[PDB]
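As structure tokens, the structure follows; a few thoughts come after it.
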Amino acid sequence: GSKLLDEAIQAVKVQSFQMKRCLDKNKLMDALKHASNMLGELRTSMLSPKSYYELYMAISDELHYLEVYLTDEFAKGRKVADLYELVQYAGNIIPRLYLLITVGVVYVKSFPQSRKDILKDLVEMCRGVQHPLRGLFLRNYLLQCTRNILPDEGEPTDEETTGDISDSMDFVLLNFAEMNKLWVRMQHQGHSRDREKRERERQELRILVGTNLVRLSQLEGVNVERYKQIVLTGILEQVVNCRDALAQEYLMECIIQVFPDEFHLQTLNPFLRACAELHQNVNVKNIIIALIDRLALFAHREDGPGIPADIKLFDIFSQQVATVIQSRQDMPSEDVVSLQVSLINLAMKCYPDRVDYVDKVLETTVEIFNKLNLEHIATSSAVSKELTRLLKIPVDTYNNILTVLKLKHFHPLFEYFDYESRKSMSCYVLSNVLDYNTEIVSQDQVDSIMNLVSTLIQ
Amino acid sequence: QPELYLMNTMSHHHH
Amino acid sequence: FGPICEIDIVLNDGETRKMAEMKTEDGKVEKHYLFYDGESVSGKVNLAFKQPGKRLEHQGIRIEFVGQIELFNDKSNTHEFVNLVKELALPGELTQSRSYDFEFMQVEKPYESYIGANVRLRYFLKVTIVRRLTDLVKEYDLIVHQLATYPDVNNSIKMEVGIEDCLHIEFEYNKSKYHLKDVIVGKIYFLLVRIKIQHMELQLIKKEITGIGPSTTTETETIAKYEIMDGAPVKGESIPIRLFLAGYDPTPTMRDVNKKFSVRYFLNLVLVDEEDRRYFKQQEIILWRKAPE
Amino acid sequence: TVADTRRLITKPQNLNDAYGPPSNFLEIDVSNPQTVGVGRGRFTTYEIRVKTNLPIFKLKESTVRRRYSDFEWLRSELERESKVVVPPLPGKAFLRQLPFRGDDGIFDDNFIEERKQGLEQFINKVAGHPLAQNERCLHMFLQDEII
Ligand SMILES: [Zn+2]
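In structure tokens form, the structure reads like this:
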């Protein structure tokens, strides 16, 4: 029907009109009765995640008019007594806890001495809502209300405040673990024939869970050593143990995106060891590629430190990608080659100087193709698509094409192609050696040009 | 109309 | 014509003394002077004379302090547990207005005033001017609260309850004895969950037990329904309780008052599953009126 | 202090319990109506298809064929021993069996549809009940292929 949503949004507008009416007259307890009736609309189970999301945003925007009313009132000296206690009288838990959170943040601003306890209270008392959808949206509202007021390092030095960065980390890591629990729990609620609908619904809601990680990166006090010992240790504990491909895939990508590259370089072996422990339906290829892509844009950015010499990227990624592929049961051969492309790409952008690395990828790529007892690989096959795209990168990216011919293992890969692709690829390399003019060729490189002709004609 | 069920006590049984 | 005379009682400490409120039938809220066991009651009986010219022949005037229990709205079941008398005048006449002093020294008031369904316990001053055929009678009501201090022992309530091979839970309330503006701090802990729970709630239940032996009537009233969980938990899941009793203005627990009636409070935990089946456990809690410092 | 933030201490939830699949899974589908027989001894049957993870049931998945009398047989077995106030069946429709109606009688499509939905309504309420899961007649009805 889709009426339910509109009927609800209508009733919200009726009650939020009568709420502000009472707030204009300064009749607070009468306003909180309408606020409660408005919040009653979030108790339903009949809306979809999309519909419910719309209803949430409507009610969230009205709750702000109450939150700002209280904050000003409290800032002007006319603080309402027992308000934290009073809102807990509400019989239904959803209205109660939305109200409690709203009044909670007002207390944190107005009474900095209570900050540690109230935040710790709000995160803990949300355990009352076990229903996945409503629980997620509750714990999301907690996270947005508390955005500005959490402890941090660059703060005003008011020595009656409570709670430090350690409390903020525990606050958000806990709310993270609870929301991820609820979110994974959505996989098993409802009827067994709506498996594809559920995974669609969960996908829509992924941002609610991920905002916790976004919130952890925004804390100034989260330095690299805390990220190593507390934050990533916290996140990776939930990720590997949730045993859920949808969450694992989303969250591991979410880490890469949200935290800086300074943090990624100190935590490479932990992040890649985690990748091997993920569920078999997780696209591990896409996680590793996204990370390498991000570290490449860090290597070429000047007015920044670049990549330290003690962090040997190539030795780490080469050795771990091998270990990650070993952990997979049935990785398509095209994907193994898609990873060799990024290992080249890494070595090209992070170490242009070191050609021997780029050859070592090609040397190991040969070992892969040699180890796999392969039937003749067609040009239409995805393996050939990638091996072509792999070989073209040195040819396309390098300044001087003479340097490509000096690679020992560049040509042996041509063996494995189709007859059509040897002709296509040999033509493509030789055509580029004419499109840019040729200097005198050295002993090793005279050899490689004739080897390219022999694959072209025959 | 509504089915009520008294929860029994559990004696000397650990978890 | 109306009445010949109107009786008015005025306590000596009628300005300074604190008053209290009582919920009666259909939401009405009376307000009377508050007294405590051991306090002296004293004041004045003021007779206002309304028909000047006429005269009022009587065979005595007295004042009584009365505390009594009334059962099932039946006058013949009323039992006075406290009666004190002061004679104010011998048989005589009254032509004009007059006032009389009275003082009851250190009055015993063993029970707290209560208004319920089948039981009322009330204190009052009753002035009686005795006449030949019909007495002029004036009642003047009083509240009496009974105080206590923090109990010697106050153990937490903690228990494992369940439905074998369906639901095992462990609940805990921080005390056995809560004062009237106290807070139930507690938690529910899930050890085994093989049903689909819709929601859980904590209820405060008030029982009014009247009568003796097999002559027993029990009136139940559910004073609070407090949802504490929404949704289906799994094992290892903890649920916090924080239920403020200030929001429900209950009376104290009253146990075998004058061997006639009891009022007892219970915390009834109720889980409800997806097919509306309802699983519960009930635990008594003593409520008490805290002596202010 | 401005706010009473009291709670009892809680034991951290073990991660296998937090994320592992819940142990209350039970759905039963009454579906696919078919006529068995010809002429006078015709009757409708429905496929009672179960899925579960409760340890009291013997098979995690099962599929069996049932008759409206088999539902009536179950309800009579439970009413006698179980002491569970059993929910109602969708109804014995005697006047539909009478001849020369203005519909197809007991084999009317709207009748079978509504009947079918009422059986699913019934069987889920009964099979989810704690005391009813102890009775042998429920497991016999749901998971043995003939009663
Ligand atoms: Zn147990």
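Residue numbers (the authors' numbering), protein chains in the order written: chain A, 12 to 469; chain D, 551 to 565; chain B, 8 to 300; chain C, 4 to 150.
Beta carbons are placed, not taken as given, at the ideal position from N, Cα and C, and that holds for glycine.
Secondary structure note for C/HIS142: its alpha helix (DSSP H) is the uninterrupted segment 139–146. When the beta-carbon positions are compared, A/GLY165 and A/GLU231 come within less than 9 Å of each other. When the five nearest sequence neighbours on each side are left out, the beta carbons in the same chain lying within less than 6 Å of the beta carbon of A/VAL269 are those of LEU224, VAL225 and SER228, in order along the chain.
The beta carbons of A/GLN277 and A/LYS239 sit about 6 Å from each other, so the pair counts as a contact at 8 Å.
Contact with chain D is found for B/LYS288, since one of that chain's Cβ atoms lies less than 9 Å from the residue's Cβ. Comparing alpha carbon positions, the residue from C/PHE144, C/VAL5, C/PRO133 and C/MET143 closest to B/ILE170 is C/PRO133. Cβ-Cβ distances below 8 Å link D/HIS563 to nothing in the same chain once the five nearest sequence neighbours on each side are left out.
Residue-level contact check: C/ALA6 does not touch chain B, since none of the beta carbons of chain B fall below 9 Å from its beta carbon.
Within chain C, not a single residue places a beta-carbon under 9 Å from that of A/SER179; the smallest gap is close to 17 Å. Below the 7 Å Cβ cutoff, chain B contributes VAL241, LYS242 and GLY243 as neighbours of C/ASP20, in chain order.
Each of A/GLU288, A/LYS434, A/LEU306 and A/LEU43 was checked against the Cα of A/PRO271, and the nearest Cα belongs to A/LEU306. In the DSSP annotation of this structure, B/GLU282 is not part of any beta strand (DSSP E), being labelled neither H nor E. About 31 Å separates the beta carbon of B/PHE56 from that of B/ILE150, a gap too long to meet the 8 Å contact definition.
Taken atom to atom, the span from the alpha-carbon of B/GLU94 to that of B/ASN53 is near 15 Å. The continuous alpha helix (DSSP H) containing A/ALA287 extends over residues 279–287.
Going by C-alpha positions, D/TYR555 is about 51 Å away from A/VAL233. Within the model, the alpha-carbon separation for B/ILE248 versus C/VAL5 is close to 19 Å. By the CB criterion at 9 Å, B/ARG296 and B/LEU187 fall inside the cutoff.
Here B/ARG62 has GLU100 and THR102 as same chain residues with Cβ atoms under 6 Å from its own Cβ, once five neighbours each way along the sequence are excluded. The beta carbon of B/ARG138 sits no closer than 9 Å to any beta carbon of chain D. Relative to ligand 1, B/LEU276 has its C-beta separated by 8 Å or more from all heavy atoms. For A/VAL242, there is no enclosing beta strand (DSSP E), as DSSP marks it with neither H nor E. Distance from the C-beta of B/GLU167 to the nearest heavy atom of ligand 1 is below 8 Å.
A straight line joining the alpha-carbon of A/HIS142 with that of C/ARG118 spans about 32 Å. Under the 8 Å Cβ criterion, the stretch 16–35 of chain C counts as touching the stretch 119–129 of chain C, having at least three qualifying pairs.
Taking a C-beta cut-off of 7 Å against chain D, the contacting residues of the stretch 273–286 of chain B are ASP283, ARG284, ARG285 and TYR286, listed in chain order.
The beta carbon of B/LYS38 sits closer than 6 Å to the beta carbons of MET26 and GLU28 from its chain, once the five residues preceding and following it are set aside; these are given in chain order.
Taken in chain order, the members of the stretch 140–157 of chain A whose beta-carbon sits within less than 8 Å of a beta-carbon on chain B are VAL140, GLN141, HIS142, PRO143, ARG145 and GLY146. Setting aside the 5 residues that flank it on each side, A/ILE404 is surrounded in the same chain by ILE355, each with a C-beta closer than 6 Å to its C-beta; the list follows chain order. Residues of the stretch 143–171 of chain B with a Cβ closer than 8 Å to any Cβ of chain C, in chain order: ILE170. Under the Cβ criterion of 9 Å, B/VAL48 is not counted among the residues facing chain C. The beta carbon of B/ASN84 sits closer than 8 Å to those of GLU77 and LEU78, all from its chain and outside the five residues before and after it, given in chain order. Taken atom to atom, the span from the alpha-carbon of A/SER435 to that of A/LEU418 is near 20 Å.
For D/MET557, the shortest separation between its Cβ and any heavy atom of ligand 1 does not lie below 8 Å. A Cβ of chain C is located within less than 9 Å of the beta carbon of B/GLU179.
In this structure, DSSP gives B/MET236 an extended state, which the three-state scheme calls strand.
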